[PDB]
Amino acid sequence: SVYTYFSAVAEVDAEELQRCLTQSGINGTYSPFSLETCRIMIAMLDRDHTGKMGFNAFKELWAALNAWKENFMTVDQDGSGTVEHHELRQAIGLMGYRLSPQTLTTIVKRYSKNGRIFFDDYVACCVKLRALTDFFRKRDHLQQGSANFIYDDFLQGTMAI
């Protein structure tokens with residue numbers, strides 16, 4: 001199991017989380033997650049703000065990763081290590097997001113390398129979308145799709161990811 005590994009590499013920081021996930025087998029034959037991707041995974045669930053991740057938070061991360069991996073496999077042709085713009089927009093839609101064509105283009109371009117999105121970058125994209133949406137929801141008091149932010153707070157929420 002991976003829970004056993006979590007306790008092995010072990011709370012954990014980005015470096016430890018990286019070794020733990022690589023050891024878990026979650027990325028299959030794809031390259032291991034980068035340190036930066038693991039750092040934002042931690043930032044996404046760092047409710048207590050410590051720069052580390054505990055077991056309960058890891059369980060939630062694990063569930064999210066497998067959910068995103070299933071989406072990746074569904075949209076990925078021939079299971080290659082990368083997906084392209086069309087497939088990533090499809091995956092973003094499968095996650096429940098309803099973004100405009102221009103925003104989707106901006107996102108797909110940001111995570112593309114020679115027009116393709118590697119599994120590591122795909123997950124980093126999913127993590128950031130969720131993390132940024134979580135912050136937005138904290139200020140969208142009427143949950144109407146719009147929110148006012150005071151500059152200092154805006155930076156705290158976005159710089160934390």
# chains A, B, ... in the order shown; residues from 1 in each chain; ligands from 1
$ residues_around --residues "residue 8 in chain A" --least-positions-apart "2" --cutoff "12 Å" --atoms "only C-alpha atoms" --output "CSV table (one decimal) with N, CA, C and O atoms, in the first residue's frame"
chain,number,residue,atom,x,y,z
A,1,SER,N,0.8,-1.2,0.0
A,1,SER,CA,0.0,0.0,0.0
A,1,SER,C,0.9,1.3,0.0
A,1,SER,O,2.1,1.2,0.3
A,2,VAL,N,0.2,2.4,-0.3
A,2,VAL,CA,0.9,3.7,-0.3
A,2,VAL,C,0.9,4.3,1.1
A,2,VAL,O,1.8,5.1,1.4
A,3,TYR,N,-0.1,4.0,1.9
A,3,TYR,CA,-0.2,4.5,3.2
A,3,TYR,C,1.0,4.1,4.0
A,3,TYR,O,1.5,4.8,4.9
A,4,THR,N,1.5,2.9,3.7
A,4,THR,CA,2.7,2.3,4.4
A,4,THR,C,3.9,3.1,4.0
A,4,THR,O,4.8,3.4,4.8
A,5,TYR,N,3.9,3.5,2.7
A,5,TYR,CA,5.0,4.2,2.1
A,5,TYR,C,5.0,5.7,2.7
A,5,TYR,O,6.1,6.2,3.0
A,6,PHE,N,3.9,6.2,2.8
A,6,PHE,CA,3.7,7.6,3.4
A,6,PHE,C,4.4,7.6,4.8
A,6,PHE,O,5.1,8.6,5.1
A,10,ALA,N,8.0,9.5,5.6
A,10,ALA,CA,7.7,10.4,6.6
A,10,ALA,C,8.9,10.5,7.6
A,10,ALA,O,9.5,11.6,7.7
A,11,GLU,N,4.2,14.2,9.4
A,11,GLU,CA,4.0,15.1,8.2
A,11,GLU,C,5.1,14.9,7.2
A,11,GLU,O,6.2,14.5,7.5
A,12,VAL,N,4.9,15.4,5.9
A,12,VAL,CA,6.0,15.3,4.9
A,12,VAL,C,6.1,16.7,4.2
A,12,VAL,O,5.1,17.4,4.0
A,16,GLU,N,9.8,14.9,0.5
A,16,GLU,CA,9.4,13.6,1.0
A,16,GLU,C,8.1,13.1,0.2
A,16,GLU,O,8.0,12.0,0.0
A,17,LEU,N,7.2,14.1,-0.1
A,17,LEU,CA,6.0,13.7,-0.8
A,17,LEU,C,6.4,13.2,-2.2
A,17,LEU,O,5.7,12.3,-2.7
A,19,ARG,N,9.2,11.6,-3.1
A,19,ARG,CA,9.7,10.3,-3.0
A,19,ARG,C,8.6,9.3,-2.7
A,19,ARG,O,8.5,8.2,-3.2
A,20,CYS,N,7.6,9.7,-1.9
A,20,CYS,CA,6.4,8.9,-1.5
A,20,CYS,C,5.6,8.5,-2.7
A,20,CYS,O,5.2,7.4,-2.9
A,21,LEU,N,5.2,9.5,-3.5
A,21,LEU,CA,4.4,9.3,-4.7
A,21,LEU,C,5.1,8.5,-5.8
A,21,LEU,O,4.5,7.7,-6.5
A,23,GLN,N,7.3,6.3,-5.3
A,23,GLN,CA,7.3,5.0,-4.7
A,23,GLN,C,5.9,4.3,-4.8
A,23,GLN,O,5.8,3.1,-4.8
A,24,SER,N,4.9,5.1,-4.8
A,24,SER,CA,3.5,4.6,-4.8
A,24,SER,C,3.1,3.9,-6.1
A,24,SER,O,2.4,2.9,-6.1
A,55,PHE,N,-1.2,12.9,7.3
A,55,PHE,CA,-1.9,11.7,6.8
A,55,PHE,C,-3.3,12.0,6.3
A,55,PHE,O,-3.7,11.5,5.2
$ select_by_dssp --residues "range 9-143 of chain A" --states "helix (DSSP H, G or I)" --output "PyMOL selection string"
chain A and resi 9+14-24+35-44+55-75+77-79+85-94+101-110+119-139
$ residues_around --residues "residue 114 in chain A" --least-positions-apart "5" --cutoff "12 Å" --atoms "only C-alpha atoms" --output "number ranges by chain"
A: 82-85, 108-109
$ closest_residue --among "A:100, A:41, A:119, A:34" --to "residue 73 in chain A" --atoms "only C-alpha atoms"
A:119
$ residues_around --residues "residue 154 in chain A" --least-positions-apart "4" --cutoff "10 Å" --atoms "only C-alpha atoms" --output "list in words"
residues 135, 136, 139, 148, 149, 150, 158 and 159 of chain A
$ write_last_selection --atoms "N, CA, C and O atoms" --output "tab-separated table (two decimals), in the first residue's frame"
chain	number	residue	atom	x	y	z
A	135	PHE	N	-9.90	29.38	-3.06
A	135	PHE	CA	-9.71	30.73	-2.54
A	135	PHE	C	-10.84	31.65	-3.00
A	135	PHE	O	-11.40	32.40	-2.20
A	136	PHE	N	-11.17	31.57	-4.28
A	136	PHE	CA	-12.23	32.40	-4.86
A	136	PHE	C	-13.56	32.17	-4.15
A	136	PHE	O	-14.28	33.11	-3.84
A	139	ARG	N	-14.30	34.10	-1.02
A	139	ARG	CA	-14.64	35.52	-1.16
A	139	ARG	C	-15.94	35.76	-1.94
A	139	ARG	O	-16.51	36.85	-1.87
A	148	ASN	N	-15.20	40.28	-4.83
A	148	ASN	CA	-14.36	41.45	-4.64
A	148	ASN	C	-13.22	41.03	-3.72
A	148	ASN	O	-13.44	40.29	-2.76
A	149	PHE	N	-12.02	41.49	-4.03
A	149	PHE	CA	-10.85	41.17	-3.21
A	149	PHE	C	-10.10	42.43	-2.85
A	149	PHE	O	-9.96	43.33	-3.69
A	150	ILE	N	-9.62	42.50	-1.62
A	150	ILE	CA	-8.81	43.62	-1.18
A	150	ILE	C	-7.41	43.16	-1.59
A	150	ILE	O	-7.08	41.99	-1.40
A	158	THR	N	-3.40	34.01	-3.49
A	158	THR	CA	-2.77	33.56	-4.72
A	158	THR	C	-1.28	33.24	-4.59
A	158	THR	O	-0.79	32.33	-5.25
A	159	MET	N	-0.56	33.98	-3.75
A	159	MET	CA	0.87	33.71	-3.57
A	159	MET	C	1.10	32.41	-2.79
A	159	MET	O	2.14	31.77	-2.90
$ closest_residue --among "A:13, A:134, A:78, A:120" --to "residue 44 in chain A" --atoms "only C-alpha atoms"
A:134
$ select_by_dssp --residues "range 3-149 of chain A" --states "strand (DSSP E or B)" --output "count of residues only"
8
$ residues_around --residues "residue 131 in chain A" --least-positions-apart "4" --cutoff "12 Å" --atoms "only C-alpha atoms" --output "MDAnalysis selection string"
chainID A and resid 40:47 61 124:127 135:138 157:161
$ write_last_selection --atoms "N, CA and C atoms" --output "short mmCIF file (atom, residue, chain, number, x, y, z; two decimals), in the first residue's frame"
data_model
loop_
_atom_site.label_atom_id
_atom_site.label_comp_id
_atom_site.auth_asym_id
_atom_site.auth_seq_id
_atom_site.Cartn_x
_atom_site.Cartn_y
_atom_site.Cartn_z
N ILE A 40 2.96 22.33 -4.64
CA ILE A 40 1.65 22.96 -4.75
C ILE A 40 0.56 22.01 -4.27
N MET A 41 0.81 20.70 -4.37
CA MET A 41 -0.14 19.72 -3.87
C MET A 41 -0.28 20.00 -2.38
N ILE A 42 0.86 20.23 -1.74
CA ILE A 42 0.88 20.53 -0.31
C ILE A 42 0.18 21.86 -0.04
N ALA A 43 0.50 22.87 -0.85
CA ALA A 43 -0.11 24.19 -0.66
C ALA A 43 -1.63 24.12 -0.80
N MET A 44 -2.11 23.25 -1.68
CA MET A 44 -3.54 23.10 -1.92
C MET A 44 -4.33 22.66 -0.70
N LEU A 45 -3.72 21.81 0.12
CA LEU A 45 -4.39 21.29 1.31
C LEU A 45 -3.76 21.75 2.62
N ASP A 46 -2.94 22.79 2.56
CA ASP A 46 -2.28 23.28 3.77
C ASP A 46 -3.20 24.21 4.56
N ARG A 47 -4.34 23.67 5.00
CA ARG A 47 -5.33 24.42 5.77
C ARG A 47 -4.77 25.01 7.06
N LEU A 61 -5.54 14.02 -0.84
CA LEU A 61 -4.70 14.23 -2.02
C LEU A 61 -4.71 12.98 -2.88
N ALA A 124 -0.35 19.36 -12.12
CA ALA A 124 -0.06 20.68 -11.56
C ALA A 124 -1.20 21.63 -11.93
N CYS A 125 -1.71 21.48 -13.15
CA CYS A 125 -2.81 22.30 -13.64
C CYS A 125 -4.08 22.01 -12.82
N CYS A 126 -4.38 20.73 -12.62
CA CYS A 126 -5.55 20.34 -11.84
C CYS A 126 -5.45 20.88 -10.40
N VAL A 127 -4.26 20.78 -9.81
CA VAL A 127 -4.02 21.26 -8.45
C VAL A 127 -4.26 22.77 -8.34
N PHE A 135 -9.90 29.38 -3.06
CA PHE A 135 -9.71 30.73 -2.54
C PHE A 135 -10.84 31.65 -3.00
N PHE A 136 -11.17 31.57 -4.28
CA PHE A 136 -12.23 32.40 -4.86
C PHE A 136 -13.56 32.17 -4.15
N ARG A 137 -13.87 30.91 -3.88
CA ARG A 137 -15.11 30.57 -3.19
C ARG A 137 -15.19 31.16 -1.79
N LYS A 138 -14.03 31.42 -1.19
CA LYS A 138 -14.01 31.99 0.15
C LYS A 138 -14.40 33.47 0.14
N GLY A 157 -3.85 34.91 -0.80
CA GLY A 157 -4.49 33.72 -1.34
C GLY A 157 -3.84 33.14 -2.58
N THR A 158 -3.40 34.01 -3.49
CA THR A 158 -2.77 33.56 -4.72
C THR A 158 -1.28 33.24 -4.59
N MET A 159 -0.56 33.98 -3.75
CA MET A 159 0.87 33.71 -3.57
C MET A 159 1.10 32.41 -2.79
N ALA A 160 0.11 32.01 -1.99
CA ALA A 160 0.21 30.79 -1.19
C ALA A 160 0.23 29.51 -2.02
N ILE A 161 -0.25 29.58 -3.25
CA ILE A 161 -0.32 28.40 -4.10
C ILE A 161 0.95 28.19 -4.91
#
$ closest_residue --among "A:142, A:65, A:94, A:99" --to "residue 33 in chain A" --atoms "only C-alpha atoms"
A:65
$ atom_distance --atom1 "CA of residue 106 in chain A" --atom2 "CA of residue 92 in chain A"
12.8 Å
$ atom_distance --atom1 "CA of residue 97 in chain A" --atom2 "CA of residue 144 in chain A"
14.6 Å
$ residues_around --residues "residue 75 in chain A" --least-positions-apart "6" --cutoff "8 Å" --atoms "only C-alpha atoms" --output "number ranges by chain"
A: 83, 87-88, 90-91
$ write_last_selection --atoms "N, CA, C and O atoms" --output "PDB file, in the first residue's frame"
ATOM      1  N   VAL A  83      -0.873  14.811 -23.357  1.00  0.00           N
ATOM      2  CA  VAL A  83      -2.167  15.064 -23.967  1.00  0.00           C
ATOM      3  C   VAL A  83      -1.984  16.395 -24.684  1.00  0.00           C
ATOM      4  O   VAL A  83      -1.012  17.106 -24.432  1.00  0.00           O
ATOM      5  N   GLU A  87      -7.648  17.447 -25.696  1.00  0.00           N
ATOM      6  CA  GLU A  87      -7.835  16.509 -24.594  1.00  0.00           C
ATOM      7  C   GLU A  87      -7.815  17.189 -23.224  1.00  0.00           C
ATOM      8  O   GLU A  87      -8.562  16.800 -22.328  1.00  0.00           O
ATOM      9  N   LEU A  88      -6.976  18.206 -23.055  1.00  0.00           N
ATOM     10  CA  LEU A  88      -6.930  18.897 -21.765  1.00  0.00           C
ATOM     11  C   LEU A  88      -8.211  19.697 -21.533  1.00  0.00           C
ATOM     12  O   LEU A  88      -8.717  19.755 -20.413  1.00  0.00           O
ATOM     13  N   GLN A  90     -11.040  18.908 -22.646  1.00  0.00           N
ATOM     14  CA  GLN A  90     -12.028  17.877 -22.349  1.00  0.00           C
ATOM     15  C   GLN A  90     -11.942  17.489 -20.869  1.00  0.00           C
ATOM     16  O   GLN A  90     -12.956  17.394 -20.178  1.00  0.00           O
ATOM     17  N   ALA A  91     -10.723  17.265 -20.387  1.00  0.00           N
ATOM     18  CA  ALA A  91     -10.513  16.883 -18.994  1.00  0.00           C
ATOM     19  C   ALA A  91     -10.965  17.978 -18.028  1.00  0.00           C
ATOM     20  O   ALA A  91     -11.547  17.696 -16.973  1.00  0.00           O
TER      21      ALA A  91
END
$ atom_distance --atom1 "CA of residue 96 in chain A" --atom2 "CA of residue 123 in chain A"
15.5 Å
